[PDB]
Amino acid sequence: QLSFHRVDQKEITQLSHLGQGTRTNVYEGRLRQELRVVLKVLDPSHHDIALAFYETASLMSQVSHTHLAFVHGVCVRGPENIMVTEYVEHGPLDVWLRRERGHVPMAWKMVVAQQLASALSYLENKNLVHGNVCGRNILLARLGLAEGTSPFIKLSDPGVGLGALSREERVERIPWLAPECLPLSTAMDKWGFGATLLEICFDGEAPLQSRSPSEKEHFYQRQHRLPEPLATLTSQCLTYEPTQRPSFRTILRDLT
């Protein structure tokens, strides 16, 4: 039941390269009033990667939430598949926190956590999986560092569906990757959320990120506990047994 808007190649302009996603490159672009958008260009890929990419477009095209980024549609530009998504002003949260490290107030992080939990509450209610909750996929729409302002985030489309990704890619996503996904339930997004809470507390330094693939795989193999930052809450989320992780109803009540 794949449902999304087809964008004709004539309607898009590609501008500067912004970075890499999982098997994609992200560019600032225009969508014809033109609109500032981002263009996520899928690398030369087999049908099964492209299917997981279009399944993501389809999912995002059928949900709405103020803390979820918008998908404009998919464009086929010659051999390239291109997701056309919301340009979010201040870009990804992980990069932003690294640049602002040591002066991001805790009250600011708590607002961002709440907004993310409100997005994942909505997906939970809809029984839909995001599958890639991390600081890179949290886009900052409003800075909220000035006196009397608050931040505002948009969770990006999860990109190529996690189900299609390689073992090495799943390892690269530790510790955001729920441990049951290393070998397709909303439970995995509770683990991703806890790991993203740690990443935020630590000003965009995720636990275990500087470790090798075998070291990351070893940590999950031994069911080692992730560090404490929110601490009761991250612990509850970062439980190896998926059925033990709290609902977003509980997580959201706890955060307010």
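The first residue of the shown sequence is 1; numbering continues from there. Heads up, when I say rigid core I mean the largest set of C-alphas that superpose within 1.5 Å between the two forms.
- Relative to the shown model and aligned on the rigid core, the C-alphas in 9 other deposited structures of this protein deviate most, among 100 to 108 and 69 to 77, for 69 to 77.
- Relative to the displayed structure, the C-alphas of 79 to 87 lie farther away on average in 9 other deposited structures of this protein than those of the other candidate, with 156 to 164 and 79 to 87 compared after rigid core superposition.
- Per the records, residue 171 is modelled in every other compared entry, just as the shown structure includes it, so no third of them leave it out.
- Compared with other deposited structures of the same protein, residue 138 does not meet the criterion of being unmodelled in at least one third, since all of those that resolve residues on both sides include it.
- Deposited sequence between residue 183 and residue 184: 4 to 9 residues lack coordinates.
- Per the record, residue 229 and residue 230 are separated by a gap of 4 to 9 residues from the deposited sequence that were not modelled.
- According to the PDB record, 74 to 82 carries the higher mean C-alpha B-factor of the two stretches 172 to 180 and 74 to 82.
- Comparing the deposited coordinates for 87 to 95 and 122 to 130, the stretch with the larger average C-alpha B-factor is 122 to 130.
- Within the selection 190, 222, 67, 30, the deposited Cα B-factor values reach their highest point at 222.
- By the numbers in the PDB entry, the CA B factor is greatest at 104 among 165, 139, 104, 117.
- Annotation for residue 160: CA B-factor lies in the lowest third of the chain's modelled residues.
- Ranked by C-alpha B-factor against the other modelled residues of its chain, residue 194 falls in the lowest third.
- Among all modelled residues in its chain, residue 211 ranks in the highest third by Cα B-factor.
- In the PDB entry, residue 36 places in the middle third of its chain by CA B-factor.
- Per the PDB record, residue ranking by Cα B-factor puts residue 153 in the lowest third of the chain.
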